[PDB]
>>> print(open('structure_26.cif').read())   # mmCIF, C-alpha atoms
data_coords
#
loop_
_atom_site.group_PDB
_atom_site.id
_atom_site.type_symbol
_atom_site.label_atom_id
_atom_site.label_comp_id
_atom_site.auth_asym_id
_atom_site.auth_seq_id
_atom_site.Cartn_x
_atom_site.Cartn_y
_atom_site.Cartn_z
ATOM 1 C CA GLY A 4 -13.057 -3.342 25.803
ATOM 2 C CA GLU A 5 -12.214 0.343 25.657
ATOM 3 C CA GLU A 6 -9.368 0.126 28.198
ATOM 4 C CA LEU A 7 -7.144 -1.626 25.621
ATOM 5 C CA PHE A 8 -7.120 1.597 23.584
ATOM 6 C CA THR A 9 -6.267 4.348 26.099
ATOM 7 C CA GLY A 10 -2.745 4.755 24.703
ATOM 8 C CA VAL A 11 -0.823 4.217 21.461
ATOM 9 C CA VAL A 12 -1.146 0.602 20.234
ATOM 10 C CA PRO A 13 1.203 -1.133 17.760
ATOM 11 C CA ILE A 14 -0.473 -2.418 14.577
ATOM 12 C CA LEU A 15 0.349 -5.253 12.182
ATOM 13 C CA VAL A 16 -1.555 -5.690 8.900
ATOM 14 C CA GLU A 17 -1.193 -8.778 6.686
ATOM 15 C CA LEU A 18 -3.008 -9.223 3.364
ATOM 16 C CA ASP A 19 -2.963 -12.091 0.864
ATOM 17 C CA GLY A 20 -4.599 -11.139 -2.410
ATOM 18 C CA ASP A 21 -5.490 -12.605 -5.787
ATOM 19 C CA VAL A 22 -6.836 -10.290 -8.500
ATOM 20 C CA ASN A 23 -7.527 -11.905 -11.900
ATOM 21 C CA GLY A 24 -5.000 -14.552 -10.896
ATOM 22 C CA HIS A 25 -2.308 -11.967 -10.077
ATOM 23 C CA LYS A 26 -1.205 -13.029 -6.597
ATOM 24 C CA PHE A 27 0.452 -10.563 -4.218
ATOM 25 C CA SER A 28 1.097 -9.966 -0.523
ATOM 26 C CA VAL A 29 1.164 -6.783 1.574
ATOM 27 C CA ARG A 30 2.560 -6.295 5.080
ATOM 28 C CA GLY A 31 1.969 -3.154 7.122
ATOM 29 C CA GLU A 32 3.416 -1.805 10.380
ATOM 30 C CA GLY A 33 2.543 1.199 12.500
ATOM 31 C CA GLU A 34 0.548 2.380 15.467
ATOM 32 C CA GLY A 35 -2.899 3.634 16.363
ATOM 33 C CA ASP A 36 -4.167 6.295 18.772
ATOM 34 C CA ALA A 37 -7.921 5.992 19.349
ATOM 35 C CA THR A 38 -8.044 9.131 21.506
ATOM 36 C CA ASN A 39 -6.896 11.113 18.449
ATOM 37 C CA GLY A 40 -8.492 8.702 15.964
ATOM 38 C CA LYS A 41 -5.057 8.681 14.330
ATOM 39 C CA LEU A 42 -3.350 5.859 12.418
ATOM 40 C CA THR A 43 0.133 5.919 10.946
ATOM 41 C CA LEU A 44 1.420 2.939 8.980
ATOM 42 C CA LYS A 45 3.782 1.937 6.198
ATOM 43 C CA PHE A 46 2.715 -0.825 3.820
ATOM 44 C CA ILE A 47 5.046 -2.826 1.585
ATOM 45 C CA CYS A 48 4.148 -5.123 -1.300
ATOM 46 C CA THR A 49 6.471 -7.980 -0.367
ATOM 47 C CA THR A 50 6.016 -9.831 -3.695
ATOM 48 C CA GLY A 51 7.158 -7.083 -6.076
ATOM 49 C CA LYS A 52 4.944 -4.674 -8.009
ATOM 50 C CA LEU A 53 1.448 -4.204 -6.608
ATOM 51 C CA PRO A 54 -0.946 -5.206 -9.443
ATOM 52 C CA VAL A 55 -3.639 -2.774 -8.209
ATOM 53 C CA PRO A 56 -3.425 0.886 -7.191
ATOM 54 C CA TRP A 57 -2.572 1.429 -3.537
ATOM 55 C CA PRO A 58 -5.641 3.691 -2.920
ATOM 56 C CA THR A 59 -8.016 0.833 -3.816
ATOM 57 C CA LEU A 60 -6.678 -1.150 -0.823
ATOM 58 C CA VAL A 61 -6.911 1.546 1.892
ATOM 59 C CA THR A 62 -10.373 0.635 3.180
ATOM 60 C CA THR A 63 -9.339 -3.028 3.330
ATOM 61 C CA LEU A 64 -6.011 -2.449 5.097
ATOM 62 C CA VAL A 68 -8.937 -1.195 11.896
ATOM 63 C CA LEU A 69 -12.031 0.747 12.911
ATOM 64 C CA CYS A 70 -11.444 -0.007 16.613
ATOM 65 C CA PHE A 71 -9.159 3.047 16.457
ATOM 66 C CA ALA A 72 -11.962 5.481 15.609
ATOM 67 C CA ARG A 73 -12.293 8.405 18.027
ATOM 68 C CA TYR A 74 -15.667 7.875 19.667
ATOM 69 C CA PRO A 75 -16.609 10.995 21.695
ATOM 70 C CA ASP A 76 -17.743 10.422 25.241
ATOM 71 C CA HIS A 77 -21.483 10.844 24.681
ATOM 72 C CA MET A 78 -21.116 8.079 22.055
ATOM 73 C CA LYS A 79 -18.811 5.578 23.809
ATOM 74 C CA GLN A 80 -21.829 3.303 24.413
ATOM 75 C CA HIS A 81 -22.116 2.804 20.611
ATOM 76 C CA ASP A 82 -18.505 1.655 19.963
ATOM 77 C CA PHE A 83 -19.019 -1.926 18.811
ATOM 78 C CA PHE A 84 -15.470 -2.294 17.494
ATOM 79 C CA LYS A 85 -13.676 -1.702 20.819
ATOM 80 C CA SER A 86 -16.222 -3.730 22.817
ATOM 81 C CA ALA A 87 -15.315 -6.878 20.843
ATOM 82 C CA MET A 88 -11.695 -6.670 22.067
ATOM 83 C CA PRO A 89 -9.497 -8.490 22.890
ATOM 84 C CA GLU A 90 -11.122 -11.476 21.153
ATOM 85 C CA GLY A 91 -11.837 -9.379 18.061
ATOM 86 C CA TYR A 92 -14.251 -9.384 15.152
ATOM 87 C CA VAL A 93 -14.517 -10.528 11.541
ATOM 88 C CA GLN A 94 -14.880 -7.843 8.876
ATOM 89 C CA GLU A 95 -16.174 -8.878 5.441
ATOM 90 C CA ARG A 96 -16.735 -6.670 2.403
ATOM 91 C CA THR A 97 -17.753 -6.837 -1.212
ATOM 92 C CA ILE A 98 -16.391 -3.853 -3.129
ATOM 93 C CA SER A 99 -17.859 -3.308 -6.596
ATOM 94 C CA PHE A 100 -15.958 -0.973 -8.950
ATOM 95 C CA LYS A 101 -18.278 0.668 -11.481
ATOM 96 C CA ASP A 102 -17.697 -0.611 -15.042
ATOM 97 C CA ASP A 103 -15.028 -3.018 -13.717
ATOM 98 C CA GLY A 104 -14.395 -5.910 -11.311
ATOM 99 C CA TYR A 105 -15.089 -6.522 -7.637
ATOM 100 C CA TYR A 106 -13.134 -7.403 -4.500
ATOM 101 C CA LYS A 107 -14.296 -9.740 -1.756
ATOM 102 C CA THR A 108 -12.404 -9.545 1.534
ATOM 103 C CA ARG A 109 -12.456 -11.404 4.833
ATOM 104 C CA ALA A 110 -10.429 -10.197 7.783
ATOM 105 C CA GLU A 111 -9.918 -10.881 11.448
ATOM 106 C CA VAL A 112 -9.060 -7.924 13.684
ATOM 107 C CA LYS A 113 -7.921 -8.890 17.178
ATOM 108 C CA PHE A 114 -5.215 -8.489 19.788
ATOM 109 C CA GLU A 115 -2.270 -10.896 19.650
ATOM 110 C CA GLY A 116 -0.506 -9.879 22.837
ATOM 111 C CA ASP A 117 0.365 -6.176 22.722
ATOM 112 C CA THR A 118 -0.351 -5.813 18.982
ATOM 113 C CA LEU A 119 -3.633 -5.158 17.179
ATOM 114 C CA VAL A 120 -3.509 -7.444 14.127
ATOM 115 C CA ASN A 121 -5.556 -7.126 10.914
ATOM 116 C CA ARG A 122 -5.201 -10.339 8.858
ATOM 117 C CA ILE A 123 -6.948 -10.203 5.458
ATOM 118 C CA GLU A 124 -7.668 -12.479 2.507
ATOM 119 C CA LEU A 125 -8.730 -10.618 -0.652
ATOM 120 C CA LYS A 126 -10.033 -11.982 -3.954
ATOM 121 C CA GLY A 127 -10.618 -9.820 -7.033
ATOM 122 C CA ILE A 128 -12.721 -11.054 -9.942
ATOM 123 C CA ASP A 129 -13.636 -9.872 -13.470
ATOM 124 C CA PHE A 130 -11.315 -6.871 -13.671
ATOM 125 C CA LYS A 131 -10.391 -5.270 -17.001
ATOM 126 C CA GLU A 132 -6.694 -5.575 -17.855
ATOM 127 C CA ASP A 133 -6.990 -2.113 -19.472
ATOM 128 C CA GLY A 134 -9.313 -0.538 -16.885
ATOM 129 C CA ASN A 135 -8.511 1.931 -14.131
ATOM 130 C CA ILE A 136 -7.480 -0.689 -11.571
ATOM 131 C CA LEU A 137 -5.297 -3.243 -13.372
ATOM 132 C CA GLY A 138 -4.302 -0.461 -15.778
ATOM 133 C CA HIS A 139 -3.041 1.748 -12.912
ATOM 134 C CA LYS A 140 -4.917 4.939 -13.831
ATOM 135 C CA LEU A 141 -5.867 6.257 -10.352
ATOM 136 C CA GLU A 142 -4.342 9.238 -8.552
ATOM 137 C CA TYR A 143 -2.298 8.515 -5.413
ATOM 138 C CA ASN A 144 -4.758 9.979 -2.916
ATOM 139 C CA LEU A 145 -8.041 9.160 -1.182
ATOM 140 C CA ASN A 146 -10.568 11.815 -0.336
ATOM 141 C CA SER A 147 -12.666 12.068 2.810
ATOM 142 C CA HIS A 148 -15.791 9.918 3.096
ATOM 143 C CA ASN A 149 -18.593 9.334 5.600
ATOM 144 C CA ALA A 150 -19.893 5.840 6.347
ATOM 145 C CA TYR A 151 -23.093 5.131 8.263
ATOM 146 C CA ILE A 152 -23.006 2.292 10.816
ATOM 147 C CA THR A 153 -26.197 0.357 11.592
ATOM 148 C CA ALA A 154 -26.683 -2.453 14.086
ATOM 149 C CA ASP A 155 -27.194 -5.981 12.740
ATOM 150 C CA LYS A 156 -29.161 -7.535 15.604
ATOM 151 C CA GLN A 157 -29.455 -10.909 13.850
ATOM 152 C CA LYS A 158 -25.673 -11.387 13.643
ATOM 153 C CA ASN A 159 -24.955 -9.502 16.923
ATOM 154 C CA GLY A 160 -22.813 -7.049 14.959
ATOM 155 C CA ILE A 161 -23.009 -4.093 12.576
ATOM 156 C CA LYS A 162 -23.267 -3.435 8.845
ATOM 157 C CA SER A 163 -22.426 -0.468 6.629
ATOM 158 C CA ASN A 164 -22.499 0.383 2.959
ATOM 159 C CA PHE A 165 -20.898 3.413 1.383
ATOM 160 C CA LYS A 166 -19.339 4.553 -1.879
ATOM 161 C CA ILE A 167 -15.673 5.504 -2.321
ATOM 162 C CA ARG A 168 -14.785 8.086 -5.007
ATOM 163 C CA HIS A 169 -11.363 7.379 -6.558
ATOM 164 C CA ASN A 170 -9.917 10.188 -8.691
ATOM 165 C CA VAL A 171 -8.895 8.997 -12.173
ATOM 166 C CA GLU A 172 -5.863 10.570 -13.844
ATOM 167 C CA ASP A 173 -7.953 11.967 -16.716
ATOM 168 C CA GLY A 174 -10.040 13.965 -14.233
ATOM 169 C CA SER A 175 -13.061 11.663 -13.966
ATOM 170 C CA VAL A 176 -13.978 9.546 -10.906
ATOM 171 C CA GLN A 177 -14.063 5.756 -10.344
ATOM 172 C CA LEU A 178 -16.684 4.634 -7.827
ATOM 173 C CA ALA A 179 -16.164 1.649 -5.511
ATOM 174 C CA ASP A 180 -19.380 0.549 -3.801
ATOM 175 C CA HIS A 181 -18.683 -1.008 -0.376
ATOM 176 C CA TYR A 182 -20.970 -3.403 1.498
ATOM 177 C CA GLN A 183 -19.587 -4.433 4.898
ATOM 178 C CA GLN A 184 -20.523 -6.898 7.677
ATOM 179 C CA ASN A 185 -18.791 -7.196 11.087
ATOM 180 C CA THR A 186 -19.417 -10.023 13.565
ATOM 181 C CA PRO A 187 -17.674 -10.647 16.898
ATOM 182 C CA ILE A 188 -15.258 -13.546 17.316
ATOM 183 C CA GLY A 189 -16.058 -14.065 21.013
ATOM 184 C CA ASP A 190 -19.440 -14.476 22.673
ATOM 185 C CA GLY A 191 -19.152 -11.923 25.488
ATOM 186 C CA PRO A 192 -21.519 -8.952 25.539
ATOM 187 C CA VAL A 193 -21.006 -6.353 22.798
ATOM 188 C CA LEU A 194 -22.361 -2.849 22.240
ATOM 189 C CA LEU A 195 -24.889 -2.774 19.398
ATOM 190 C CA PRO A 196 -25.065 0.884 18.334
ATOM 191 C CA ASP A 197 -27.655 3.394 17.320
ATOM 192 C CA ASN A 198 -27.311 4.681 13.773
ATOM 193 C CA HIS A 199 -24.291 6.973 13.454
ATOM 194 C CA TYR A 200 -21.464 7.600 11.014
ATOM 195 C CA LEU A 201 -17.670 7.618 10.828
ATOM 196 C CA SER A 202 -15.824 10.460 9.060
ATOM 197 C CA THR A 203 -12.483 9.529 7.523
ATOM 198 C CA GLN A 204 -9.519 11.456 6.094
ATOM 199 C CA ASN A 205 -6.398 9.985 4.492
ATOM 200 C CA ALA A 206 -2.985 11.310 3.466
ATOM 201 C CA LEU A 207 -0.847 9.049 1.235
ATOM 202 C CA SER A 208 2.888 9.561 0.690
ATOM 203 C CA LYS A 209 6.195 7.889 -0.236
ATOM 204 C CA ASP A 210 9.380 7.148 1.685
ATOM 205 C CA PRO A 211 12.244 8.703 -0.343
ATOM 206 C CA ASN A 212 14.603 5.943 0.847
ATOM 207 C CA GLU A 213 12.190 3.058 0.189
ATOM 208 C CA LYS A 214 12.992 1.202 -3.049
ATOM 209 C CA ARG A 215 10.121 -1.319 -2.814
ATOM 210 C CA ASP A 216 6.525 -0.767 -3.890
ATOM 211 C CA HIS A 217 4.992 0.776 -0.785
ATOM 212 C CA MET A 218 2.568 3.283 0.735
ATOM 213 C CA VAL A 219 2.956 5.547 3.753
ATOM 214 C CA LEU A 220 -0.457 6.259 5.240
ATOM 215 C CA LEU A 221 -1.887 8.710 7.731
ATOM 216 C CA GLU A 222 -5.573 8.344 8.628
ATOM 217 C CA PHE A 223 -8.015 10.096 10.977
ATOM 218 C CA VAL A 224 -11.363 8.421 11.783
ATOM 219 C CA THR A 225 -13.890 10.114 14.086
ATOM 220 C CA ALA A 226 -17.416 9.071 15.057
ATOM 221 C CA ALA A 227 -20.370 11.467 15.028
ATOM 222 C CA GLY A 228 -24.047 11.778 14.183
ATOM 223 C CA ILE A 229 -25.557 11.162 17.622
ATOM 224 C CA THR A 230 -26.742 14.045 19.800
#
>>> encode(input="structure_26.cif", output="structure tokens")
Amino acid sequence: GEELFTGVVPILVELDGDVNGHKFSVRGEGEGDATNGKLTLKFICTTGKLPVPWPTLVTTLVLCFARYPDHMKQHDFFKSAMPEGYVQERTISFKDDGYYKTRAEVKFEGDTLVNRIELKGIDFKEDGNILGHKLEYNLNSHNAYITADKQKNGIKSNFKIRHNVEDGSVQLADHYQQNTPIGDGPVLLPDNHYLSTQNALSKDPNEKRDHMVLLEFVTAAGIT
């Protein structure tokens, strides 16, 4: 459980994706510090040009690194599933456009926390904001409420993500999410609470490949 996260942990992210038949792969490397709720990673599209904007993949590309304060450590489902891990599944519906469906496993493989994802995207517009590459390279802060899913011995959450469009409007992405443990040990089913998230997206001046440098802070709150 929580003892796996007392220091900095190396992270590996692997994604295989297919959006309107455009196949692509992403690999990410970095580290996570759950006491700061900090993540730092660099992602590379290993198959060439990424056919979707990098900010639409952030939520898909490790909530076990959220900073849970001490009065709330009994509600940290994500860390209590470790080392065996959990499955994280989402449908992400982009207003006036297509949707993603994602399945991931998050678990320890030795010293490394691994997020392995399959993503499918369906019914996108070739001239819309996603396949047309019309989103700003940023991602603003969002809050997501976590509720226990007693039936599946896990949690669920749904929340909207507001992507800035380059013409000054906003593109909504409606997230529904379901997490279930991989093992069968005891897990902490939480009271209702939320996670607050901030992101900073940048570029490596030396990196010639399509890529994203990412800093993220995730902190838990909402219980008193």
>>> closest_residue(input="structure_26.cif", among="A:147, A:170, A:204, A:86", to="residue 188 of chain A", atoms="only C-alpha atoms")
A:86
>>> closest_residue(input="structure_26.cif", among="A:135, A:192, A:215, A:120", to="residue 51 of chain A", atoms="only C-alpha atoms")
A:215
>>> closest_residue(input="structure_26.cif", among="A:219, A:61, A:207, A:14", to="residue 47 of chain A", atoms="only C-alpha atoms")
A:219
>>> axis_aligned_box(input="structure_26.cif", around="segment 200-207 of chain A", padding_each_side="6 Å", output="JSON")
{"center_x": -11.2, "center_y": 9.5, "center_z": 6.1, "size_x": 32.6, "size_y": 15.9, "size_z": 21.8}
>>> resolve_selection(input="structure_26.cif", expression="the PyMOL selection byres ((chain A and resi 109) around 7)", output="PyMOL selection string")
chain A and resi 94-96+108+110+123-125
>>> atom_distance(input="structure_26.cif", atom1="atom CA of residue 46 of chain A", atom2="atom CA of residue 210 of chain A")
10.6 Å
>>> closest_residue(input="structure_26.cif", among="A:161, A:179, A:136, A:226", to="residue 73 of chain A", atoms="only C-alpha atoms")
A:226
>>> residues_around(input="structure_26.cif", residues="residue 127 of chain A", least_positions_apart="2", cutoff="7 Å", atoms="only C-alpha atoms", output="PDB file with C-alpha atoms, keeping the file's coordinate frame")
ATOM      1  CA  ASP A  21      -5.490 -12.605  -5.787  1.00  0.00           C
ATOM      2  CA  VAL A  22      -6.836 -10.290  -8.500  1.00  0.00           C
ATOM      3  CA  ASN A  23      -7.527 -11.905 -11.900  1.00  0.00           C
ATOM      4  CA  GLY A 104     -14.395  -5.910 -11.311  1.00  0.00           C
ATOM      5  CA  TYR A 105     -15.089  -6.522  -7.637  1.00  0.00           C
ATOM      6  CA  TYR A 106     -13.134  -7.403  -4.500  1.00  0.00           C
ATOM      7  CA  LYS A 107     -14.296  -9.740  -1.756  1.00  0.00           C
ATOM      8  CA  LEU A 125      -8.730 -10.618  -0.652  1.00  0.00           C
TER       9      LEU A 125
END
>>> resolve_selection(input="structure_26.cif", expression="the PyMOL selection byres ((chain A and resi 34) around 6)", output="count of residues only")
6
>>> closest_residue(input="structure_26.cif", among="A:143, A:165, A:100, A:223", to="residue 177 of chain A", atoms="all atoms listed in the file")
A:100
>>> closest_residue(input="structure_26.cif", among="A:9, A:208, A:59, A:153", to="residue 228 of chain A", atoms="only C-alpha atoms")
A:153
>>> atom_distance(input="structure_26.cif", atom1="atom CA of residue 56 of chain A", atom2="atom CA of residue 140 of chain A")
7.9 Å
>>> atom_distance(input="structure_26.cif", atom1="atom CA of residue 227 of chain A", atom2="atom CA of residue 114 of chain A")
25.5 Å
>>> resolve_selection(input="structure_26.cif", expression="the PyMOL selection byres ((chain A and resi 72) around 7)", output="NGL selection string")
:A and (37 or 40 or 69-71 or 73-74 or 224-226)
>>> residues_around(input="structure_26.cif", residues="residue 221 of chain A", least_positions_apart="5", cutoff="8 Å", atoms="only C-alpha atoms", output="list in words")
residues 41, 42, 43, 44, 205, 206 and 207 of chain A
>>> residues_around(input="structure_26.cif", residues="segment 88-93 of chain A", least_positions_apart="2", cutoff="10 Å", atoms="only C-alpha atoms", output="PyMOL selection string")
chain A and resi 4-8+70+83-86+95+109-116+119-123+160+184-191+193
>>> residues_around(input="structure_26.cif", residues="residue 138 of chain A", least_positions_apart="6", cutoff="9 Å", atoms="all atoms listed in the file", output="VMD selection string")
chain A and resid 54 to 56 131 to 132
>>> residues_near_point(input="structure_26.cif", point="(-12.9, 4.8, -0.3)", cutoff="9 Å", atoms="only C-alpha atoms", output="PyMOL selection string")
chain A and resi 58-62+145-148+165-169+178-181
>>> residues_around(input="structure_26.cif", residues="residue 30 of chain A", least_positions_apart="6", cutoff="9 Å", atoms="all atoms listed in the file", output="ChimeraX atom specification")
/A:15-18,45-49
